[PDB]
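Structure below is coords.pdb: PDB, C-alpha atoms and all ligand atoms.
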```pdb
ATOM      1  CA  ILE A   1      28.765  -3.848   4.203  1.00  0.00           C
ATOM      2  CA  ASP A   2      28.205  -4.803   7.825  1.00  0.00           C
ATOM      3  CA  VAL A   3      24.629  -4.897   9.142  1.00  0.00           C
ATOM      4  CA  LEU A   4      23.964  -5.263  12.859  1.00  0.00           C
ATOM      5  CA  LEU A   5      21.197  -7.610  13.984  1.00  0.00           C
ATOM      6  CA  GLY A   6      19.839  -5.652  16.916  1.00  0.00           C
ATOM      7  CA  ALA A   7      20.971  -2.100  17.671  1.00  0.00           C
ATOM      8  CA  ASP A   8      23.485  -1.125  20.288  1.00  0.00           C
ATOM      9  CA  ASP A   9      20.608   0.111  22.512  1.00  0.00           C
ATOM     10  CA  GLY A  10      18.881  -3.292  22.306  1.00  0.00           C
ATOM     11  CA  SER A  11      16.311  -2.167  19.687  1.00  0.00           C
ATOM     12  CA  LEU A  12      15.110  -5.007  17.402  1.00  0.00           C
ATOM     13  CA  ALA A  13      16.404  -3.449  14.187  1.00  0.00           C
ATOM     14  CA  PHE A  14      18.779  -4.038  11.334  1.00  0.00           C
ATOM     15  CA  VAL A  15      21.457  -1.293  11.384  1.00  0.00           C
ATOM     16  CA  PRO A  16      21.394   0.019   8.713  1.00  0.00           C
ATOM     17  CA  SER A  17      18.012  -1.195   7.548  1.00  0.00           C
ATOM     18  CA  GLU A  18      17.908   0.546   4.123  1.00  0.00           C
ATOM     19  CA  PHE A  19      21.023   0.569   1.974  1.00  0.00           C
ATOM     20  CA  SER A  20      22.280   0.162  -1.579  1.00  0.00           C
ATOM     21  CA  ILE A  21      25.045  -2.064  -2.890  1.00  0.00           C
ATOM     22  CA  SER A  22      26.588  -3.142  -6.190  1.00  0.00           C
ATOM     23  CA  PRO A  23      26.561  -6.697  -7.576  1.00  0.00           C
ATOM     24  CA  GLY A  24      28.723  -9.268  -5.715  1.00  0.00           C
ATOM     25  CA  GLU A  25      29.300  -6.791  -2.702  1.00  0.00           C
ATOM     26  CA  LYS A  26      29.366  -8.813   0.509  1.00  0.00           C
ATOM     27  CA  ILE A  27      26.586  -8.205   3.151  1.00  0.00           C
ATOM     28  CA  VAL A  28      27.583  -9.512   6.562  1.00  0.00           C
ATOM     29  CA  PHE A  29      24.615  -9.648   8.943  1.00  0.00           C
ATOM     30  CA  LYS A  30      26.053  -9.857  12.464  1.00  0.00           C
ATOM     31  CA  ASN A  31      24.244 -10.833  15.685  1.00  0.00           C
ATOM     32  CA  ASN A  32      24.513  -7.867  18.011  1.00  0.00           C
ATOM     33  CA  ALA A  33      21.703  -7.649  20.561  1.00  0.00           C
ATOM     34  CA  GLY A  34      18.407  -9.341  21.180  1.00  0.00           C
ATOM     35  CA  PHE A  35      19.329 -12.583  19.370  1.00  0.00           C
ATOM     36  CA  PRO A  36      18.388 -15.174  18.253  1.00  0.00           C
ATOM     37  CA  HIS A  37      17.776 -13.461  14.893  1.00  0.00           C
ATOM     38  CA  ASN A  38      17.644 -14.494  11.285  1.00  0.00           C
ATOM     39  CA  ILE A  39      17.570 -12.775   7.920  1.00  0.00           C
ATOM     40  CA  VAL A  40      14.907 -13.912   5.468  1.00  0.00           C
ATOM     41  CA  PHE A  41      14.410 -12.381   2.026  1.00  0.00           C
ATOM     42  CA  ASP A  42      10.731 -12.045   1.174  1.00  0.00           C
ATOM     43  CA  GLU A  43      10.260 -14.336  -1.839  1.00  0.00           C
ATOM     44  CA  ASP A  44       7.553 -11.965  -3.212  1.00  0.00           C
ATOM     45  CA  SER A  45       9.716  -8.787  -2.884  1.00  0.00           C
ATOM     46  CA  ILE A  46      12.981  -9.656  -4.591  1.00  0.00           C
ATOM     47  CA  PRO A  47      14.065  -9.306  -8.258  1.00  0.00           C
ATOM     48  CA  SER A  48      12.734 -11.229 -11.200  1.00  0.00           C
ATOM     49  CA  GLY A  49      13.745 -14.877 -11.153  1.00  0.00           C
ATOM     50  CA  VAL A  50      15.926 -14.748  -8.020  1.00  0.00           C
ATOM     51  CA  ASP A  51      15.926 -17.910  -5.835  1.00  0.00           C
ATOM     52  CA  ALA A  52      15.343 -16.690  -2.300  1.00  0.00           C
ATOM     53  CA  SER A  53      17.009 -19.917  -0.979  1.00  0.00           C
ATOM     54  CA  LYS A  54      20.323 -18.917  -2.535  1.00  0.00           C
ATOM     55  CA  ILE A  55      20.386 -15.705  -0.482  1.00  0.00           C
ATOM     56  CA  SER A  56      18.289 -16.300   2.651  1.00  0.00           C
ATOM     57  CA  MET A  57      18.115 -18.093   5.912  1.00  0.00           C
ATOM     58  CA  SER A  58      14.985 -20.145   6.294  1.00  0.00           C
ATOM     59  CA  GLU A  59      12.472 -18.809   8.825  1.00  0.00           C
ATOM     60  CA  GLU A  60      13.351 -21.787  11.101  1.00  0.00           C
ATOM     61  CA  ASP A  61      17.103 -21.175  10.901  1.00  0.00           C
ATOM     62  CA  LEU A  62      18.549 -18.958  13.626  1.00  0.00           C
ATOM     63  CA  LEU A  63      21.760 -17.216  14.497  1.00  0.00           C
ATOM     64  CA  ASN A  64      22.025 -18.026  18.197  1.00  0.00           C
ATOM     65  CA  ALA A  65      25.372 -16.410  19.369  1.00  0.00           C
ATOM     66  CA  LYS A  66      26.524 -12.880  19.735  1.00  0.00           C
ATOM     67  CA  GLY A  67      28.855 -12.229  16.794  1.00  0.00           C
ATOM     68  CA  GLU A  68      27.501 -15.051  14.652  1.00  0.00           C
ATOM     69  CA  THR A  69      26.978 -13.964  11.068  1.00  0.00           C
ATOM     70  CA  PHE A  70      25.106 -14.714   7.910  1.00  0.00           C
ATOM     71  CA  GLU A  71      26.971 -13.579   4.800  1.00  0.00           C
ATOM     72  CA  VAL A  72      25.438 -13.147   1.419  1.00  0.00           C
ATOM     73  CA  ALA A  73      26.291 -11.396  -1.827  1.00  0.00           C
ATOM     74  CA  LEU A  74      23.470 -10.398  -4.139  1.00  0.00           C
ATOM     75  CA  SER A  75      23.915 -10.215  -7.871  1.00  0.00           C
ATOM     76  CA  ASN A  76      20.712  -9.312  -9.646  1.00  0.00           C
ATOM     77  CA  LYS A  77      19.830  -5.643  -9.762  1.00  0.00           C
ATOM     78  CA  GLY A  78      16.736  -4.348  -8.021  1.00  0.00           C
ATOM     79  CA  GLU A  79      15.067  -4.043  -4.635  1.00  0.00           C
ATOM     80  CA  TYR A  80      15.197  -6.818  -2.033  1.00  0.00           C
ATOM     81  CA  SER A  81      12.998  -6.701   1.059  1.00  0.00           C
ATOM     82  CA  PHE A  82      14.033  -8.779   4.060  1.00  0.00           C
ATOM     83  CA  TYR A  83      13.099  -9.363   7.654  1.00  0.00           C
ATOM     84  CA  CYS A  84      13.994 -11.207  10.846  1.00  0.00           C
ATOM     85  CA  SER A  85      11.249 -13.785  11.228  1.00  0.00           C
ATOM     86  CA  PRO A  86      10.753 -13.824  15.045  1.00  0.00           C
ATOM     87  CA  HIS A  87      10.928 -10.005  15.193  1.00  0.00           C
ATOM     88  CA  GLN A  88       9.186  -8.966  12.007  1.00  0.00           C
ATOM     89  CA  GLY A  89       6.085  -7.461  13.638  1.00  0.00           C
ATOM     90  CA  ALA A  90       8.304  -5.583  16.091  1.00  0.00           C
ATOM     91  CA  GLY A  91       9.709  -3.815  13.028  1.00  0.00           C
ATOM     92  CA  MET A  92      12.908  -5.759  12.362  1.00  0.00           C
ATOM     93  CA  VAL A  93      12.791  -5.391   8.587  1.00  0.00           C
ATOM     94  CA  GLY A  94      14.905  -3.796   5.859  1.00  0.00           C
ATOM     95  CA  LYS A  95      15.385  -3.260   2.150  1.00  0.00           C
ATOM     96  CA  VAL A  96      18.579  -3.448   0.102  1.00  0.00           C
ATOM     97  CA  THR A  97      18.810  -2.078  -3.424  1.00  0.00           C
ATOM     98  CA  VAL A  98      21.337  -3.568  -5.856  1.00  0.00           C
ATOM     99  CA  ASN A  99      22.260  -1.023  -8.504  1.00  0.00           C
TER     100      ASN A  99
HETATM  101 CU    CU B   1      15.455 -10.577  15.114  1.00  0.00          CU
END
```
In structure tokens, write the structure found in this file.
Amino acid sequence: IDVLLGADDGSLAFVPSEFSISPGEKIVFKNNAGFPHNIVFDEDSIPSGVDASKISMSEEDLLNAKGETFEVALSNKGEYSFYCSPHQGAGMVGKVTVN
């Protein structure tokens, strides 16, 4: 599943921001507009026992180029909340459910 980092109108949003996937399904987060961006899973809002560092950028890491991606596949079932650190208060957040 492809997720844009920044909308095509420049909005600071993940597109889509809420979605569901199955285990091992690739998520490709792709810099689109308004970069740098990152994608950080909130360590307090992911499934039991999951290591956020296996699945996340750090808050200091950035994707700096249009078209640059961060790929991750999730395995454990449940809800995962994530955000772009520099744009979180602007609303650049999302939630993926693994079912
Ligand atoms: Cu951002």
Within 10 Å of file point (28.6, -1.3, 22.9), counting only C-alpha atoms, expressed as a list in words
residues 7, 8, 9, 10, 32 and 33 of chain A
Give me, please, the distance in Å between CA of residue 75 (chain A) and CA of residue 52 (chain A), quoted to one decimal.
12.1 Å
The PyMOL selection byres (((chain A and resi 60) around 12) and not hetatm) on the file shown: which residues, as number ranges by chain?
A: 36-40, 56-59, 61-64, 84-86
Residue by residue, what does the PyMOL selection byres (((chain A and resi 20) around 10) and not hetatm) grab here? Present the result as an MDAnalysis selection string.
chainID A and resid 1 18:19 21:22 25 78:80 95:99
Pick out the closest residue to ligand CU 1 (chain B) from this set: A:26, A:66, A:87, A:77. Count all atoms listed in the file.
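Ranking A:26, A:66, A:87, A:77 by distance to ligand CU 1 (chain B), first place goes to A:87.
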What box, with edges along x, y and z, holds each listed atom of region 16-22 of chain A when 8 Å is added on every side, and can you state its centre and edge lengths in Å to one decimal, as JSON?
```
{"center_x": 22.2, "center_y": -1.3, "center_z": 1.3, "size_x": 24.7, "size_y": 19.7, "size_z": 30.9}
```
From A:4, A:12, A:50, A:72, residue lying nearest ligand CU 1 (chain B) [only C-alpha atoms and all ligand atoms]:
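The closest residue to ligand CU 1 (chain B) is A:12.
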Selected by the PyMOL selection byres (((chain A and resi 94) around 8) and not hetatm) in the shown coordinates: which residues, as a VMD selection string?
chain A and resid 14 17 to 18 81 to 83 92 to 93 95 to 96
Same residues, C-alpha atoms, output as a CSV table (one decimal), keeping the file's coordinate frame:
```
chain,number,residue,atom,x,y,z
A,14,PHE,CA,18.8,-4.0,11.3
A,17,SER,CA,18.0,-1.2,7.5
A,18,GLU,CA,17.9,0.5,4.1
A,81,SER,CA,13.0,-6.7,1.1
A,82,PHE,CA,14.0,-8.8,4.1
A,83,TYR,CA,13.1,-9.4,7.7
A,92,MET,CA,12.9,-5.8,12.4
A,93,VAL,CA,12.8,-5.4,8.6
A,95,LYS,CA,15.4,-3.3,2.2
A,96,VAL,CA,18.6,-3.4,0.1
```
At a cut-off of 6 Å, using all atoms listed in the file, what residues contact residue 31 (chain A)? Leave out same-chain residues fewer than 6 positions from it and give the result as a count of residues only.
4
CA of residue 2 (chain A) sits from CA of residue 15 (chain A) at a separation of 8.4 Å
Give me, please, the distance in Å between CA of residue 74 (chain A) and CA of residue 91 (chain A), quoted to one decimal.
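Going from CA of residue 74 (chain A) over to CA of residue 91 (chain A), I get 23.0 Å.
With all atoms listed in the file as the basis for measurement, A:34 is the residue among A:43, A:16, A:23, A:34 that approaches ligand CU 1 (chain B) most closely.
Ranking A:27, A:41, A:88, A:73 by their shortest atom-to-atom distance to ligand CU 1 (chain B), with only C-alpha atoms and all ligand atoms included, puts A:88 first.
You can rank A:35, A:3, A:71, A:89 by their closest distance to residue 54 (chain A) using all atoms listed in the file, and at the top of that list sits A:71.
Proximity ranking of A:69, A:90, A:42, A:48 relative to ligand CU 1 (chain B) places A:90 first, based on only C-alpha atoms and all ligand atoms.
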Could you model N, CA, C and O atoms for region 74-95 of chain A and present them as a CSV table (one decimal), keeping the file's coordinate frame?
```csv
chain,number,residue,atom,x,y,z
A,74,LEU,N,24.5,-10.5,-3.2
A,74,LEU,CA,23.5,-10.4,-4.1
A,74,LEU,C,24.1,-10.0,-5.5
A,74,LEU,O,25.1,-9.3,-5.6
A,75,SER,N,23.4,-10.6,-6.6
A,75,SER,CA,23.9,-10.2,-7.9
A,75,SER,C,22.9,-9.5,-8.7
A,75,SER,O,23.2,-8.5,-9.3
A,76,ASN,N,21.7,-9.9,-8.8
A,76,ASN,CA,20.7,-9.3,-9.6
A,76,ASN,C,20.3,-7.9,-9.2
A,76,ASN,O,20.1,-7.7,-7.9
A,77,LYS,N,20.2,-7.0,-10.1
A,77,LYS,CA,19.8,-5.6,-9.8
A,77,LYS,C,18.4,-5.6,-9.3
A,77,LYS,O,17.5,-6.3,-9.8
A,78,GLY,N,18.1,-4.6,-8.5
A,78,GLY,CA,16.7,-4.3,-8.0
A,78,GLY,C,16.6,-4.3,-6.5
A,78,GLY,O,17.6,-4.4,-5.8
A,79,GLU,N,15.4,-4.2,-6.1
A,79,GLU,CA,15.1,-4.0,-4.6
A,79,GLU,C,14.8,-5.4,-4.0
A,79,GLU,O,14.1,-6.3,-4.6
A,80,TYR,N,15.4,-5.6,-2.8
A,80,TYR,CA,15.2,-6.8,-2.0
A,80,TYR,C,14.7,-6.5,-0.6
A,80,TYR,O,15.4,-5.9,0.1
A,81,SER,N,13.5,-6.9,-0.3
A,81,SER,CA,13.0,-6.7,1.1
A,81,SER,C,13.3,-7.9,1.9
A,81,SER,O,13.2,-9.0,1.5
A,82,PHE,N,13.7,-7.7,3.2
A,82,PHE,CA,14.0,-8.8,4.1
A,82,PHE,C,13.6,-8.5,5.5
A,82,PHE,O,13.1,-7.3,5.8
A,83,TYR,N,13.6,-9.5,6.3
A,83,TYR,CA,13.1,-9.4,7.7
A,83,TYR,C,13.8,-10.4,8.5
A,83,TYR,O,14.3,-11.4,8.1
A,84,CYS,N,13.7,-10.2,9.8
A,84,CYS,CA,14.0,-11.2,10.8
A,84,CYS,C,12.7,-11.9,11.3
A,84,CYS,O,11.8,-11.2,11.7
A,85,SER,N,12.5,-13.2,11.0
A,85,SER,CA,11.2,-13.8,11.2
A,85,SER,C,10.7,-13.6,12.6
A,85,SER,O,9.5,-13.2,12.8
A,86,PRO,N,11.4,-13.9,13.7
A,86,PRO,CA,10.8,-13.8,15.0
A,86,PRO,C,10.4,-12.4,15.4
A,86,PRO,O,9.6,-12.2,16.4
A,87,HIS,N,11.1,-11.4,14.8
A,87,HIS,CA,10.9,-10.0,15.2
A,87,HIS,C,10.3,-9.1,14.1
A,87,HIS,O,10.3,-7.9,14.2
A,88,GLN,N,9.7,-9.7,13.1
A,88,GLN,CA,9.2,-9.0,12.0
A,88,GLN,C,8.1,-7.9,12.5
A,88,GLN,O,8.2,-6.8,12.1
A,89,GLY,N,7.1,-8.4,13.2
A,89,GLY,CA,6.1,-7.5,13.6
A,89,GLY,C,6.6,-6.4,14.5
A,89,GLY,O,6.0,-5.2,14.5
A,90,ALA,N,7.7,-6.6,15.3
A,90,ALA,CA,8.3,-5.6,16.1
A,90,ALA,C,9.0,-4.5,15.2
A,90,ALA,O,9.4,-3.5,15.7
A,91,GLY,N,9.1,-4.8,13.9
A,91,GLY,CA,9.7,-3.8,13.0
A,91,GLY,C,11.1,-4.2,12.5
A,91,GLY,O,11.7,-3.3,11.9
A,92,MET,N,11.6,-5.4,12.8
A,92,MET,CA,12.9,-5.8,12.4
A,92,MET,C,12.9,-6.2,10.9
A,92,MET,O,12.8,-7.4,10.6
A,93,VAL,N,12.9,-5.2,10.0
A,93,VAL,CA,12.8,-5.4,8.6
A,93,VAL,C,13.8,-4.5,7.9
A,93,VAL,O,14.3,-3.5,8.5
A,94,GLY,N,14.0,-4.7,6.6
A,94,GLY,CA,14.9,-3.8,5.9
A,94,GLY,C,14.7,-4.0,4.4
A,94,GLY,O,13.9,-4.8,3.9
A,95,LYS,N,15.4,-3.2,3.6
A,95,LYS,CA,15.4,-3.3,2.2
A,95,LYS,C,16.8,-2.8,1.6
A,95,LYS,O,17.3,-1.8,1.9
```
